[PDB]
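Only one chain comes next, encoded as structure tokens, the form deposited in one PDB entry.
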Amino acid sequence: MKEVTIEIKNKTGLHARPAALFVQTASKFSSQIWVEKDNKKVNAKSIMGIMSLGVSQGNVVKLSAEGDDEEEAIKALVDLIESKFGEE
């Protein structure tokens, strides 16, 4: 199991195009991957789950991954988030 705590800094939070990029990136890996916020936990590969979390700009989430490629999956999600999903 590999985890990281990280701030979502882009204008729309986990909504619109950033939400799609997040789920598409998570889906590239065999590991099971989770996202947590305020005692709520959802599947990172599920768009309905991500929407239900209601993540806005400045909010903080905890990412977790379990499987053969768990380290690589976390690295990819962190890199995408730290580029603000390709925005200023």
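One-based numbering along the sequence shown. Here the rigid core means the biggest group of C-alpha atoms that line up within 1.5 Å when the two forms are laid on top of each other. Shifts are known only where both forms have a C-alpha.
### Query
Which is higher on average in the deposited entry, the C-alpha temperature factors of 58-66 or of 37-45?
Mean B over CA atoms: larger for 37-45.
### Query
Is the Cα B-factor recorded for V4 in the lowest, middle or highest third of its chain?
Within its chain, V4 is a middle-third residue by C-alpha B-factor, going by the deposited values.
One more form of this protein should be noted, the form deposited in another entry, which is absent from this view; the next part is about it.
### Task
Could you check whether the CA atom of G67 moves 2 Å or more between the shown form and the other one, using the rigid core for the fit?
No: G67 shifts by under 2 Å between the shown form and the other one.
### Core-superposed comparison between the shown form and the other one, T25 Cα displacement 2 Å or beyond
Not so; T25 is displaced by less than 2 Å.
### Message
When the rigid core is used for the superposition, does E82 move between the shown form and the other one (threshold: C-alpha shift of 2 Å or more)?
### Response
No, because once the rigid core is superposed, the C-alpha of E82 moves less than 2 Å between the shown form and the other one.
### Message
As a test: superpose on the rigid core, then list the runs of at least 3 residues whose Cα atoms all move 2 angstroms or more between the shown form and the other one.
### Response
Flagged stretch (3+ res, CA at least 2 Å): just 1-15.
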